[PDB]
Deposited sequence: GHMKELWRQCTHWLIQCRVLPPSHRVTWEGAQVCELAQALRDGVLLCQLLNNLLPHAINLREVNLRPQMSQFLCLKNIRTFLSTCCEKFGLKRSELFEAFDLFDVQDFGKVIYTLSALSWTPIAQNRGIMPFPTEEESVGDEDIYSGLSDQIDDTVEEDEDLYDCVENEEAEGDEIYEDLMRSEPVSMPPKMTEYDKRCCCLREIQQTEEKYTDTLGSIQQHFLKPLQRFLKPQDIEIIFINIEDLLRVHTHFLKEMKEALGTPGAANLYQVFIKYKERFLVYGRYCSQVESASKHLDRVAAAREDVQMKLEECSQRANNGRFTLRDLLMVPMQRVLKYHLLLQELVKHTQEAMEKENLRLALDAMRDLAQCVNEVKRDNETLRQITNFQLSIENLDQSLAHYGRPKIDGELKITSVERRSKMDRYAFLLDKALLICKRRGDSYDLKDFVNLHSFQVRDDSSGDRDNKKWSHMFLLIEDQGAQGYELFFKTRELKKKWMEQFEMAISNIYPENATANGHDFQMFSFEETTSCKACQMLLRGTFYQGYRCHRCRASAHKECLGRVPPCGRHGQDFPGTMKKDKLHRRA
């Protein structure tokens, strides 16, 4: 069979893990299409053939809760698929031929075409339905995809590159001191050769973005390193677990950094095209500072990576510290540097969420409010509604967010907002497998029925509606006289119950407008009375 040929080829292209369900005796065609319908493997495929065909910031790496994000991946695929691979528009399928399996036959043709490209074969790899929509009705899946932080992870490992179980431990203690010395003077190189020299050329609105950050990082580490060095020089080196813990809250600036970086850096890149006197000098600063091995972009990615490495270094120092009192202490600093890394990962996720939201906002016409105010996307896709003014099933597109349902009519790539629904006032009420009969009710208890193609779709939406509503009105929200509501804190915040940090940059938790308290959703009832 020809889809079996595709499979094999996709495996040869390192796109499909050779242990995946379309590999097993019995594998249906539908299992292949299931694995391609979010355009992710397809996007990776192109990159495995033409390195850098598609920049990852253009790929929606985990789009399964979103028809919108899957479609954008497939369009990115098809589009670079003709613009960078030769293929003619009569040789590449149309999005829904894939995402709604309206003609998977033509998707397989496109790949075969790809396999015969002067590029596929230029690489050693040999070239090569109706009932689909029904059959259809994944940690494994993305094993072969570049995860989002690999680009930076190599810049970092390049920059840092250089028995018994005491030589093993000491070997680790030297990795910690050396990478730190090297990290610390790297920040210094960025200031001295970049941020200072550049200050003059650029408005304090073009550079002011990066400098306050880098400079604060240089000061913290410059000091960090002094105290790291001392605790190491002293016999044994047991004061070390204390340096890490002492500096944890100081290191929370990495949140602000790993939050503003990606934008001042895209801004730097815009002032690239928009000037010659600039583009020409960030080759100088480069050439001068390190002799052209690293651009300023390259270096701005380094702090995001460095902060994520501390728990890893300590994790290994801990494997080789046999002493009982030693271990339980290093595991304290390890606890602190792992939390640090978890906070930064929270900032990375909210960064991404905000990109998706901006994405929806640019494709939604007749929308007069900022989507960010309505919490985070839960799921978006095609359903059928009737309200109390219609009865004939109206086909509509919906975006669900924590605080709102956007009912819309899709017009190609643009979505017209026909009915914003403020979910503060609504509640979910449930009610033979006939395709499109699976409905539950969305009712205000002082005032729509939603139909889903399949039982599983309905379950997946109803589940999201419940999480959304639970976020609006969590348990104990009104407990002890409080009035807790979702809230995006601007400044680093801790909870008035678990005393630990609210994580992220965007709807980190809840706030009682009355006592000013802040809490995690779970910590809510443990919060001292209003």
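Taking the first deposited residue as 1, the stretches without any C-alpha atom are 1 to 4, 133 to 144, 154 to 158, 184 to 191, 461 to 465, 482 to 484, 568 to 587.
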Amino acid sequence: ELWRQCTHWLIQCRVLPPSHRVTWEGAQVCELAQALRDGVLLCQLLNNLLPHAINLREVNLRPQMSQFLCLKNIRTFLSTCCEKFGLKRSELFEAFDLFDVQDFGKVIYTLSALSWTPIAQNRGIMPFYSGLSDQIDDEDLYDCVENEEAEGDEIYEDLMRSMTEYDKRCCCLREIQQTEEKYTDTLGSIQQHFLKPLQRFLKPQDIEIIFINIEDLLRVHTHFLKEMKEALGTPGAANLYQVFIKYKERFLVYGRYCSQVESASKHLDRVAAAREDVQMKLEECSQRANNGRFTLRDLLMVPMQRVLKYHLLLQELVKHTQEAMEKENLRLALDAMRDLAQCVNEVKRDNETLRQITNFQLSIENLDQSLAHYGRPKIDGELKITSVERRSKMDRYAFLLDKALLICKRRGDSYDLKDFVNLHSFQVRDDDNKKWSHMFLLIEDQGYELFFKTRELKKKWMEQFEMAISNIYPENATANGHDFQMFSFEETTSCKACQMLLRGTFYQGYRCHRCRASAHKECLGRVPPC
From here on, numbers count along this sequence of modelled residues.
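Looking at 214 to 222 and 317 to 325 together, the entry lists the larger mean B-factor for 317 to 325, computed on C-alpha atoms. Higher mean CA temperature factor, per the PDB entry, when comparing 153 to 161 with 204 to 212: 204 to 212.
Between the residues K384, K460, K409, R338, it is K409 that shows the highest Cα B-factor in the PDB record. Within the listed group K88, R306, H311, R349, the record reports its top CA B-factor for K88.
In the PDB entry, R503 places in the lowest third of its chain by CA B-factor. Placement of the Cα temperature factor of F251 within the chain: lowest third of the modelled residues, per the deposited record. Among the modelled residues of its chain, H482 has a C-alpha B-factor that falls in the highest third according to the deposited record. Sorting the modelled residues of the chain by their CA temperature factor places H520 in the lowest third. Looking at the C-alpha B-factors along this chain, the one for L98 belongs to the lowest third.
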